[PDB]
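Next up: just one chain, as structure tokens, the form solved without adenosine monophosphate (AMP).
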């Protein structure tokens, strides 16, 4: 905007130059019978406007004086006044105003498309934003807190809009209809308000983070396409890690056929062994679809070594999962788990452990404003002997789930020092504290930020197949010996049935190929893992054998 105005002025200056120069030659002729070249004209005009004033070329008539006077003043006005002033107004003012005074972005440009709207900022969404700035996605966070808008503007991995998140006018300004996705991370009532409002304008996909698992249904009603119960999930990931021996934990039931479960390896016979060595698939018929270690989901090799902290992601039938449970295959007696901190997450960890059930003891300073179903031992875990009196002595494991990382680090320190034996699972509110929890003696650390970010992140990237795979199903099929040697693109599987190949594992191998390329040459005995509508799965074995 400003640049155009600038060298638009430069153009007007040039025209003034040529004009004055042309008039100069004209006057010198018709007024004093003197003839100057075009160059002399430019030369003189520049000499005057610029106030050099050599004086080698001057007029002698009053009319010439009147003209020279006019050009002279023109130079001062357009080179000594307008020019600097305009620079102070077009450049200087806008700079100092927008650097000493926050001017809130209240609206988004009309041409904004495919952007991601973030409502409700916190560690989770902050980490999500930094993570997807590593891909340069257009993020726009919204907030109705002036002070927060400022803080978010000084440092920016994203644009910040300041306005009421639940005002349809404000949502129209954000271009919600043209937006790619929407993260609803406000309170549950505000989320419900947000979803209904957004839905009155568009069908833009919405991912809501629910603070209380019971409200999940309500948010789907208000218009949310996906609901993520973070605290429930977080409590669960603390829980599955607290037992003395890892146990199967169910994840998904794809229409009562394919089951997805996860298994922490600690204290199991699989610890220390390799995937091939443990022979999990041979003895259970299960598919190992991934190994989660060091915050990275890798593909299962046969030489891969399972560590105490490894976590297997598994897929198969109900009986195949029951086989694995038998192999583990039993829990030690008198298991007792202390849970320090009875907030939403600690509360969820308790609920998960009760689903089994494993005996536990909750400990917190004050009564829960949201929970009534749990009996809590009241006291300050930091104040001497509060844990001793609660009988921390016969505990087999501890979950430290305070909302303060330094306190969790201190408790992990003390517990590991007084009980070098028990499992210690700790929670990190921020990732800048994860390593210290390990250094303090924790057997595993669950990070709010990374778990939250990974989930939301994946829900985002796989959006083009999120609402798709939503309502649909994942199933497994023994590759028909008829296609033994044919390429995925050659079989033309999708155009017939409608499903999609998401994995191909060898007959006698823990080695699996995830998201195989069309060029992949199929083999004999191979086991396919497909995904599609609960209609195409039945129209699969039908359409495939037909044509």
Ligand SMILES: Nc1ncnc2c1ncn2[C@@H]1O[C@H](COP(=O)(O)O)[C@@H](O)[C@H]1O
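Numbering follows the first chain given and starts at 1.
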Average Cα temperature factor in the PDB entry - higher stretch of 228-236, 316-324:
316-324
Tell me which stretch has the larger mean Cα B-factor in this entry, 140-148 or 429-437.
140-148
Which one of 42, 27, 70, 502 shows the biggest C-alpha B-factor in the PDB entry?
502
Maximum C-alpha temperature factor per the entry, among 451, 362, 392, 88, belongs to which one?
88
Among the modelled residues of its chain, does the C-alpha B-factor of residue 58 lie in the lowest, middle or highest third?
lowest
Ranking every modelled residue in this chain by its Cα temperature factor as given in the entry, which third contains residue 385?
highest
Entry-reported C-alpha B-factor of residue 76 relative to its chain, by third, is middle
CA B-factor ranking of residue 221, expressed as a third of its chain
lowest
Test of reading the entry: by CA B factor among the chain's modelled residues, which third contains residue 52?
lowest
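Keep in mind that the form solved in complex with adenosine monophosphate (AMP) is missing from the display, and what follows is about it.
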So adenosine monophosphate (AMP) isn't shown here. In the entry with it bound, which residue out of 299, 164, 187, 407 has a non-hydrogen atom within 4.5 Å of it?
407
Of 381, 224, 171, 442, which residue is found within 4.5 angstroms of adenosine monophosphate (AMP) in the entry with it bound when only non-hydrogen atoms are counted?
381
With a 4.5 Å heavy atom cut-off to adenosine monophosphate (AMP) in the entry with it bound, the contacting stretch among 285-293, 344-352, 465-473, 299-307 is 344-352
Can you work out whether adenosine monophosphate (AMP) is within 4.5 angstroms of a heavy atom in all three of 477, 536 and 543 in the entry with it bound?
no
Contact label in the entry with it bound: residue 312 to adenosine monophosphate (AMP), heavy atom within 4.5 Å:
no
So in the entry with it bound, is adenosine monophosphate (AMP) close enough to residue 447 to count as touching (4.5 Å, heavy atoms)?
no
Although adenosine monophosphate (AMP) is absent from this view, report whether residue 363 comes within 4.5 Å of it in the entry with it bound, heavy atoms only.
yes
Does the 4.5 Å heavy atom contact test between residue 403 and adenosine monophosphate (AMP) in the entry with it bound come out positive?
yes
